[PDB]
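Shown here is one chain on its own, the form solved without the named molecule, set out as structure tokens.
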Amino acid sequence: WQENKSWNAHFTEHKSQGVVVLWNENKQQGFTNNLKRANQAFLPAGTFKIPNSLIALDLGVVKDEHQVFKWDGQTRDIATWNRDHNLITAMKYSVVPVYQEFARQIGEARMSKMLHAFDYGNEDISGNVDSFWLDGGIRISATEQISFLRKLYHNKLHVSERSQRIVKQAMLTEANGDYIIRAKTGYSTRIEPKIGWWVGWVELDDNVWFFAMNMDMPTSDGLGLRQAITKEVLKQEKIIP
């Protein structure tokens, strides 16, 4: 592991503070701007939609990525939640009420066993079964996100290969002739400190770079800086153009 404090410029330029953790898969080498915050664990919030999707798929509570999840009819703050969704759009728009249905269906016993199978963070599901990744006991660090994502990438998590392929498809965020990004955002607000997540990887022709970032996020108005700052680190390191 190697610390590169020059990435802090990208945080300072935007009156922000956080961590970016990169992992070069071919070279088995890690880079971060803050080794200690790289290993600090937070609530995963929306990034928990990755393991939650894996478990729901594996147990059959979600049949596939085409299955339609009917809006429960309750109007909520976020406009894109007040409609039908499938797994692709539930991930894309981070639709909490859908994933809370999953968790309630999965249940505490199976959720706990699956998080141990995944070595997911501190593997603690204490709290409400339908909200523990937002205000319960589960905590995961940026480096632990990468360890989790590396196993997902190689289909080595303890669920079906099909489940892992469907979720990696649902993580599709961006793709062009130079790279593919599969990733998931999160915004943890129910328990201080308010932080924003972006975790995933960028696939190149010849390599895979895993990334996990979090930053202090007192207001939702800075949420776009998660991707902006990450991408500026990726550009500085010549990973993307």
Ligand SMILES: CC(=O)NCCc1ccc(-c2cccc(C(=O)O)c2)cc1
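Residues carry their position along the shown sequence, with the first being 1.
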Given 185 to 193 and 168 to 176, the range whose Cα B-factors average higher in the PDB entry:
185 to 193
Which of the two stretches, 77 to 85 or 94 to 102, shows the higher mean Cα temperature factor in the record?
77 to 85
Against its chain's modelled residues, does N24's Cα B factor rank lowest, middle or highest third?
middle
Mind checking which third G18 falls in for C-alpha B-factor across the chain?
middle
CA B-factor placement of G60, once the chain's modelled residues are sorted into thirds
middle
Could you tell me which third, lowest, middle or highest, the C-alpha B-factor of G224 occupies within its chain?
lowest
Ranked against its chain, the third holding the CA B-factor of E203:
lowest
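Omitted here: the form deposited with the named molecule bound. The next part is about that form.
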Could you confirm whether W71 comes within 4.5 Å of the named molecule in the deposited bound form, counting heavy atoms only?
no
Could you confirm whether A109 comes within 4.5 Å of the named molecule in the deposited bound form, counting heavy atoms only?
no
At the 4.5 Å heavy atom threshold, is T185 in contact with the named molecule in the deposited bound form?
yes
Please check if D77 has a heavy atom lying within 4.5 Å of any heavy atom of the named molecule in the deposited bound form.
yes
Contact check for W81, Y93 and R226 against the named molecule in the deposited bound form, heavy atom at 4.5 Å:
yes
